[PDB]
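Visitor: here are the coordinates; sequence isn't available:
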């Protein structure tokens, strides 16, 4: 039973662009350290509607995503499976 | 506050390659092949091991093709490069 | 978003006892020994495809890797004491080595 | 063999010190419709004991990974107490 789950806490540093939904998360563990940028893909429609209707840009979220890494150069896929809105972005 | 951790289950599809940093800090590097679905994509992840007790456990006891459970802190350095610093490992089934 | 997930690696130290819920489910125990102390966990399997895989292919003493959703509910003993019963509903399993 | 557990929930108690280790409870409720699961966490690691007493307050949403142990005790008859030795914690949102 292979898997690759990713748990991310950070701020949504982009708008929700429709294509399924796509957005970026800025994760900065150390106040002085680096800021990690992850591209999130959302296929589940109930979560797509929750993002566009309730979540604003800059919101602090906790996202669980299935991770996929295609090698050809590597392409990292992060399909969101669940999200919890910690603090919205006003 | 913020964090980005990843939990991986899969088979080690490479050898344990020893390296050294410009700060003379030794670390290990290996790859994990994870395929969740038979009709799906096979995911390859590059793991970096800094913890010295885990470096010794991998080279002496773990062999190629071993089914492992690896938990690592993920970092995405800028194209982008995904870093996975192993923080804990559990050997499910070793390799023949 | 709250959860309580459990990952167990051990040997099945019991048979697969089939029950009914009112849907069906089986029950078995896993003997996990790290380093020493031996931990005894009671697993519950509701997923029908995994129920068939356990009863038909897995034998007692098999080394398995089980992921289960952990649940905890409190019961009241008659002598005023207060105990906790741990539930582990199996969600996925990988057979490492059979018995 | 191993048995680890990952919990995300809110600390529903104070940090009670014993001997040396720390003790607190986590209320995990996956659904408002459903039940609230309660887990007792034991903290042995010194750097994590200090992080709990210095930064974390009651009601904080945390993500805790702990090594699980199932202790059986005779009483009367028998009972079971689940031990969760905290190995790592990530604070999602602190309490007030």
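Guide: Good, I have the coordinates. Numbers count the residues shown, from 1 in each chain, chains lettered A, B, ... in the order given.
Visitor: Point out the residues in chain A that sit beside chain D.
Guide: Counting by C-beta under 8 Å from any C-beta of the partner chain, the residues of chain A lying close to chain D are A:7, A:9, A:62, A:84, A:86-87. For every residue, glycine as well, the C-beta is placed using N, CA and C.
Visitor: Helix, strand, or coil at the residue most central in space within chain A?
Guide: In chain A, the C-alpha nearest the mean C-alpha coordinate belongs to residue A:40, at 3.9 Å (C-alpha atoms, centre = their mean). Three-state call for residue A:40 (DSSP: H, G, I helix; E, B strand; the rest coil): strand.
Visitor: My read is that it contacts residue A:27, right?
Guide: No: the criterion here is C-beta atoms under 8 Å, and residue A:40 misses it with residue A:27 at 11.1 Å.
Visitor: Could you pull out the strands in chain A for me?
Guide: In chain A, the strands defined using DSSP state E lie at A:3-12, A:17-18, A:21-27, A:36-42, A:60-71, A:74-87.
Visitor: so which of these comes closest to chain C?
Guide: strand A:74-87 (3.5 Å; C-beta to the nearest C-beta).
Visitor: how close does the nearest residue to residue A:70 once chain neighbours are set aside get to chain D?
Guide: With sequence-adjacent residues excluded and distances taken as C-beta to C-beta, 6 or more residues apart in numbering or on different chains, residue A:70 is closest to residue B:41, at 6.0 Å. Look at residue B:41 and chain D: by C-beta to the nearest C-beta, to the nearest Å, they are 25 Å apart.
Visitor: contacting residues for residue B:41?
Guide: Counting by C-beta atoms under 8 Å, 6 or more residues apart in numbering or on different chains, residue B:41 touches A:68, A:70, B:35.
Visitor: Phi and psi next, for it.
Guide: phi -80, psi 140 (degrees, to the nearest 10).
Visitor: Bridge partners for residue A:37, pull those for me.
Guide: Beta bridges link residue A:37 to residue A:26 when assigned by DSSP bridges.
Visitor: Sorry, slip of the keys, the one I care about is residue A:79.
Guide: Beta-bridge partners recorded for residue A:79 (DSSP bridges): residue A:41, residue A:66.
Visitor: Tell me how far it lies from chain B.
Guide: Per C-beta to the nearest C-beta, residue A:79 is found 11 Å from chain B.
Visitor: Can you get me the start-to-end distance on stretch A:38-53?
Guide: The straight-line separation of the ends of stretch A:38-53 (C-alpha to C-alpha, to the nearest Å) is 22 Å.
Visitor: now that stretch: how far from the chain's centre is it?
Guide: For stretch A:38-53, the gap between its own C-alpha mean and the chain's C-alpha mean amounts to 9 Å (C-alpha atoms, centre = their mean, to the nearest Å).
Visitor: same question, stretch A:50-67
Guide: 6 Å.
Visitor: Over to it now: how far is its first residue from its last?
Guide: 21 Å.
Visitor: ditto for stretch A:23-37
Guide: End-to-end distance of stretch A:23-37: 10 Å, with C-alpha to C-alpha as the criterion.
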